[PDB]
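Next comes just one chain, in structure tokens: the form deposited in one PDB entry.
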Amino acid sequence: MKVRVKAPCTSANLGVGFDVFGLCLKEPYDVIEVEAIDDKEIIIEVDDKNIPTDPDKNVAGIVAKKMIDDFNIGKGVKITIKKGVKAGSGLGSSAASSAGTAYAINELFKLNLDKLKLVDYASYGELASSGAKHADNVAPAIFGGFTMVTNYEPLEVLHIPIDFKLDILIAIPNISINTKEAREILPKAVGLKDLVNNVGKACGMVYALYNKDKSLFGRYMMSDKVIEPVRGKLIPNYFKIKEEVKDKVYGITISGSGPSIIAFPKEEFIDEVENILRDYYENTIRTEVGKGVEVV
């Protein structure tokens, strides 16, 4: 019959966790409904005219087809998507559709797949714009909390639930950054010193989560000198914003490949940091860590 879900936006990289770390947000999210239909075609409806309805281009259609073929399902599906945020925002918008679809198909056709397999299937949607199955946004979208994609072929995801309170502020510029281009501009090689720094700071962030230390987590998050300083130059007022909220947040950095900005405000300054972000970007959201795709 049919299944409807809310599939969350996610923030990847988190500074020194480039291509590994993922943090699931509670908002924004896509609302996706999948209905089994007798005709074997896959029909897609989406409320954002800039997103393809062709089932071989829309990531939801790509993921559904792969799963339907893999299990010889024999039915088509009509997928209706209401977008939480536009693509190219650095918030895992496409991944929300890829993950939500994987989860919905799994429920609809009772495939009983585990979370890792759902992330693996969702990652095929993320391939439609990569040449490679990136899973750092679809992993948190499925698992909720904080995730680390620690291996590919085969995929490995380690999950750390966030049991404490972690306020999040997200500023969403109206401009977009194409992720392939965002990657082309990155250095092809990094110095041994940056390797040592990022490995240490990233490991420190993991220790910080197990020790519920927001200050440590946020400070190490801001120590990347390899990727963030390069991509931050694509974002108007990003460095000025970092300076203005300096002692009022545990940390602030680029969400995914940008241009969205993610900040972890200190309890005492949450309204003030939100207002500062709003001053620059009217589309600013207050949220927290999410629990992953779920039925709605």
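Heads up, when I say rigid core I mean the largest set of C-alphas that superpose within 1.5 Å between the two forms. Position 1 is the first residue in the sequence shown; the rest follow in order.
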Residue stretch of maximal mean CA temperature factor, 22-30 vs 235-243
235-243
Selected stretch [higher average CA B-factor]: 283-291 or 8-16
283-291
Among 217, 143, 164, 103, which carries the highest Cα B-factor?
164
Can you pull the Cα B-factors for 97, 80, 174, 137 from the entry and say which is highest?
174
Within this chain, which third does the Cα B-factor at residue 259 fall in: lowest, middle or highest?
lowest
Using only modelled residues of the chain, where does the Cα B factor of residue 253 rank: lowest third, middle third or highest third?
lowest
Chain thirds of CA B-factor: placement of residue 93:
lowest
Ordered by C-alpha B-factor within the chain, which third holds residue 117? Give me lowest, middle or highest, please.
lowest
Among modelled residues of the same chain, the CA temperature factor third for residue 199:
lowest
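Only in words, not in the display: the form deposited in another entry, which the text now covers.
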Of 148, 128, 155, 216, which one's CA moves 2 Å or more between the shown form and the other one, core aligned?
128
Shown form as baseline, in the other entry, CA residue 195-residue 129 shift of 3 Å or more puts them farther
Answer with closer or farther for the CA-CA spacing of residue 186 and residue 129 in the other entry compared to the shown form; it moves by 3 Å or more.
farther
